[PDB]
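Working notes, beginning with the structure itself.
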Amino acid sequence: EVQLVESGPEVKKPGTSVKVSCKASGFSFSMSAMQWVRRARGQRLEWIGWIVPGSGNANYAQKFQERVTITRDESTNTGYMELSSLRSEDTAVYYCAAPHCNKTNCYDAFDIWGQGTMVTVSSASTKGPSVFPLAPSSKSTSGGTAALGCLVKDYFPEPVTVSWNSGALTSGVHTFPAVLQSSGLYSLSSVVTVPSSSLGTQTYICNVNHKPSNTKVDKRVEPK
Amino acid sequence: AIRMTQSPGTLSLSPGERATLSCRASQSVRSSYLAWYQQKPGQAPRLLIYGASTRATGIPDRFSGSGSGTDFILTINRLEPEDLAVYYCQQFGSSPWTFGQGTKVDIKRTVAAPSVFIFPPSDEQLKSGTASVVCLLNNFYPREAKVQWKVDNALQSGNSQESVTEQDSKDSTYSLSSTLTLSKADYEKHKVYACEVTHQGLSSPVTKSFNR
Ligand SMILES: *[C@@H]1O[C@H](CO)[C@@H](O)[C@H](O)[C@H]1NC(C)=O
């Protein structure tokens, strides 16, 4: 599988340095160029720089020339992007892109993209979430379908991953975007609509993963 | 640096209609170095068109790229509800490889009233000294919906927070989640907790309530 897999989420104090990984699989990594792009929450894409295949010759935008260093490692098939002198405006999702290649030929554009690495810059400390059940009841049933969910509350920073029944349940799931509470922590809710007759004979577990705090919680939501 | 300007900022179209997106550069860029990307909610960007008019692998034939010099066009012949996303153009023949501000494509559909569900706070949260009451508005259109909280017929304002999902890729509906936050002490003093929902799909406001 032609893949580009970046590292996990980050929390960095203002003034520190972050180094995002970007490991390749499936294609000839040494033949492939690599560009780096970021995007702040609710903004447009911002090009950072790119590196030529084979050598370490890189080229950066003037905005990131002074504090961004794009490297690559042919032995471990991983490209890196290190951003020093981190400030508040650097909080964004950083992507790596590359054309797929075999031993001799390459694509003419960047078609392979990483899933993105979310980097948050703040003095606030990391905090794991509390997962509470949104239990189904008579006041959450309409027709033959019932709604249940999980409240992922009081965590920092973004993001969190929520799946249901280890990914076996996707139909009818709505994971809402987080809101920034007045306390400085985030709070998220994920819900799913299921038939009412399944509540007694089918178990429902929301899988919550907050990588910045190494917090994995499997909360079972039971009827009330 | 080459400036890339996309217009319009947002395009709301019915499924089956033809979408038209503009990408313009402050100077002439080589056509083989202009790319179009598609970024759907919660996903990485996806290469649609490269070389101005060459569809990438796996891209359906309803996507079409055209233009040259300083004016480039993306065309979606028959718009499908799955095509909702932000579409970016990028030039990568002259450093810096600048991007456009992107064009957001929404899908139009018939009015759909929401389904309202309310969730009392769990006993586990009540042990922490806080109480969260959640109101769920499920699968509605248009996105405009009013959610008011009442606690013993006292209108709550300033202590609730809402959140709306992106438009669903299948039925083109939205879903909202409002969370009322009260202290465990304040939550135990009252009985009737209700969220009232006003929406275009409802003849009159719908109220979902429970007694503590
Ligand atoms: C590399 O891919 C091209 C197609 O782009 C193909 O024509 C060529 O034979 C391939 N070579 C090798 C060594 O895989």
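A few comments on the model shown:
- Inter-chain shielding of B:117-128 (mean C-beta neighbours from other protein chains, 10 Å cut-off): 6
- For the range B:4-107: relative contact order, % (alpha-carbon pairs under 8 angstrom, 6 or more apart): 38 percent
- Per-peptide average of other Cβ atoms within 10 Å, ordering A:86-97, B:74-85 highest first: A:86-97, B:74-85
- With neighbour counts taken as other beta-carbon atoms within 10 Å, the residues A:85, B:157 rank, fewest first, as B:157, A:85.
- Label-to-label distance, residue B:62 versus residue B:26, with points set 7 angstrom from Cα along the beta-carbon direction: 3.7 nm.
- Test item: Cα-centred dipole of the protein assembly as shown, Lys/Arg +1 and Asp/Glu -1 on Cβ, debye: 400 debye
- Pairwise label distance in nanometres, residue B:171 with residue A:126, each label 7 Å out on the Cα-Cβ vector: 3.9 nm
- Backbone N within the range B:173-202 under 18 Å of label point (7 Å from residue A:41 Cα along the Cβ vector): B:177-179
- On full extension, the segment bounded by residue B:94 and residue B:185 gains 26.5 nm, given 0.36 nm per residue less the C-alpha separation.
- Per-residue ³J(HN,Hα) for the range B:196-201, Karplus 6.51 cos²θ - 1.76 cosθ + 1.60, θ = phi - 60°, Hz, x for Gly and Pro: 9, 10, 10, 7, 4, x
- Per-residue mean of C-beta atoms belonging to partner chains within 10 Å, peptide A:105-117: 5
- Highest-fluctuation residue, A:159, A:136, A:195 considered, GNM on chain A with Cα pairs under 10 Å: A:195
- Near-label residues of the range A:100-140 by backbone N, under 12 Å of a point 7 Å along Cα→Cβ of residue A:3: A:115
- Length-normalised contact order for chain A - Cα pairs under 8 Å, 6+ apart - percent: 19 percent
- The slack in the chain from residue A:13 to residue A:211, taken as 0.36 nm per residue of separation less the alpha-carbon distance, amounts to 69.6 nm.
- Chain B: relative contact order in percent, alpha carbon pairs under 8 Å with at least 6 residues between: 19 percent
- As a calculated quantity, the FRET efficiency between residue B:123 and residue A:142 at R0 = 22 Å, using C-beta atoms, amounts to about 0.30.
- Spin-label pair residue A:105-residue B:153: with each label point 7 Å from Cα along the Cα-Cβ axis, the two points sit 7.7 nm from one another.
- For residue A:91, residues with placed amide H under 5 Å, excluding near neighbours: A:121
- Dipole-positive endmost among B:151, A:133, B:48 within the protein assembly as shown (Cβ charges, Cα centre): B:151
- Highest GNM mean-square fluctuation among A:167, A:128, A:144, for chain A modelled with Cα contacts below 10 Å: A:144.
- Legend: calculated FRET efficiency, residue B:143 to residue B:7, from the Cβ-Cβ distance at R0 = 22 Å, rounded to 0.05, equals 0.45.
- Our helix-only sum for the protein assembly as shown, with -39,500 (n - 2.57) per DSSP H run of n ≥ 4 divided by its residues, gives a mean residue ellipticity at 222 nm of -500 deg cm²/dmol.
- Computed from backbone phi, the HN-Hα couplings of the range B:50-61 come to 10, x, 6, 9, 10, 5, 5, 5, x, 7, x, 6 Hz, rounded to whole numbers (Karplus: 6.51 cos²θ - 1.76 cosθ + 1.60, θ = phi - 60°; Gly and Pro given as x).
Ideal geometry is used to build each Cβ from the backbone, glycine not excepted, and the neighbour counts take in all protein chains shown. Here, each number is a calculation from the coordinates, and none is a lab measurement.
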